[PDB]
Amino acid sequence: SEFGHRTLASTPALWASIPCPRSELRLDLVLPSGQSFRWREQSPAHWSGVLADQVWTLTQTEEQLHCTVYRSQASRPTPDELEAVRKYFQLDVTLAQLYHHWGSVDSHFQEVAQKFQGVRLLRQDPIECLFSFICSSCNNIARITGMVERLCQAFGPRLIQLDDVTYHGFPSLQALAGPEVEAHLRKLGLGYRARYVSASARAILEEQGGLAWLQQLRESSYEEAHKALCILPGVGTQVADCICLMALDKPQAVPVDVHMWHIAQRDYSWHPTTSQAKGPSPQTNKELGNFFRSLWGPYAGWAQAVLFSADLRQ
DNA sequence: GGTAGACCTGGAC
DNA sequence: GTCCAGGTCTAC
Ligand SMILES: [Ca+2]
Ligand SMILES: [Ca+2]
């Protein structure tokens, strides 16, 4: 059928697959795990969302990642469009190689890795990543997903509509820094986060040099990027790390939240050594992050995703 | 120089 | 009706 969300069976000629074994990527373990909040399983095993300013539907078989895009005449995705999908999932980074290494240096990682293959990091857009995680503060994933959706619906550009779903592109800096946005976001249920959304948008455009400043961070060292990000209102060590890890190419960045503290204590009998406190605090979180980096290496941020993801399913 | 309390809310024991 | 989720900010 020419309407609604497509499926592999429904409209064969509209799909193109990317070679990708299930071992290298599990959509069901990556898309809804708190990295990106804009993907939905509209129909069993099919995930739809905005990717590179267009709407897509993804679904995988044992060895392939099937992709279909909605733009004027319907047709299978082009190589360039697909190249964008390969880049979004950073498929050049071999998960099997990382799993092997982590497992080799962490008997526990190896035990959990057995049942949670295919967990990797998406390479996201800095702006979408920054505001989505500014909303992550003291918040659960489902609720975060709700705010972000309402936000994009209210300030994002309309793309296309499938069934009763109107997909929007993520809002721009200009739109987010616009007048009365805070109040509007409060009516959308963002709470105090509404202020930070507004404040960081203006801070970027009016004090840091705009979009480029943010994008430039992809060429800056992890320490540099993390330092710079914390300048923005509503951005702490936690959010700063999520952004470094998920959108600024800093794979050693490790977000330290309650989940990771629980993992640290329950699975490694970890405890602060250079800190006064016995629990989460600026000093102890920095220490935990260093512990995980020292344990997993340059891609500690990725290893962190595998466990964080497994800890949600539980 | 580290820490307790304010800031918002839909859903859960 | 408290308790809780990928925290951050700032007054002692
Ligand atoms: Ca929390
Ligand atoms: Ca900050």
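In what follows, every heavy atom counts, from backbone to side chain, and hydrogens, waters and symmetry copies are set aside. Proteins get letters first, then strands, A, B, ... in listed order; numbering begins at 1 in each.
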**Asked** Is A/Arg38 paired with A/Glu149 through a side-chain N to carboxylate O contact shorter than 4.0 Å?
**Response** no
**Request:** Kindly assign one of parallel, tilted or perpendicular to the pair A/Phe292 and A/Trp296, based on the angle between their ring planes and the thresholds 30° and 60°.
**Result:** parallel
**Item:** Euclidean distance, atom CG of residue A/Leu190 to atom P of C/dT8 [Å, nearest integer]
**Value:** 16 Å
**Request:** Nearest whole angstrom, please: distance from the P of C/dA5 to the CG of A/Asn140.
**Result:** 9 Å
**Asked** Who passes side chain to side chain contact (heavy atoms under 4.5 Å, CB included) against A/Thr7, sequence neighbours left out?
**Response** A/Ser10, A/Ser43, A/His46
**Request:** May I ask you to establish whether A/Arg193 and A/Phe131 are in a cation-pi arrangement, using a distance under 6.0 Å from NZ or CZ to the six-membered ring centre and at most 45° from the ring axis?
**Result:** no
**Asked** Just how far, in rounded Å, is P of C/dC4 from CD1 of A/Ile144?
**Response** 17 Å
**Between C/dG7 (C1') and A/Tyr192 (OH): distance, integer Å** = 6 Å
**Request:** Starting from P on B/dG2, measure out to CG on A/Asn285 and report it in whole angstrom.
**Result:** 14 Å
**Prompt:** Once you round it to whole Å, what is the distance between P of C/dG7 and CZ of A/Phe131?
**Reply:** 19 Å
**Fill in**
Among B/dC8, C/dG7, B/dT3, the one nearest any side-chain atom of A/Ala277 is B/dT3
**Message:** Without decimals, in angstroms, what is the distance between A/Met260 CE and C/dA5 P?
**Reply:** 15 Å
**Prompt:** Which of parallel (below 30°), tilted (30 to 60°) and perpendicular (above 60°) describes A/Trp39 and A/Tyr88?
**Reply:** tilted
**Item:** Out of B/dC8, C/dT8, B/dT3, whichever nucleotide has its closest atom nearest the side chain of A/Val239
**Value:** C/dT8
**Prompt:** Between A/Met147 (CE) and B/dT9 (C1'), how many Å, whole number?
**Reply:** 7 Å
**Request:** Using both distances under 3.5 Å as the test, list the Watson-Crick or G-U wobble partner of B/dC8, or none.
**Result:** none
**Message:** Using the side-chain heavy atoms of A/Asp257, tell me which of these nucleotides is nearest: B/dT3, C/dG7, C/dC9.
**Reply:** C/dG7
**Request:** Identify whether any heavy atom of A/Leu188 sits under 4.0 Å from a base atom; if not, whether one sits that close to sugar-phosphate; answer base, sugar-phosphate or nothing.
**Result:** nothing
**C/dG1 to B/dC7 separation - P atoms, rounded to the nearest Å** = 23 Å
**Request:** Take atom P in B/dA6 and the same atom in C/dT2, then report the distance between them in whole Å.
**Result:** 15 Å
**Asked** Is there a donor and acceptor pair closer than 3.5 Å between the side chain of A/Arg143 and the base of B/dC8?
**Response** yes
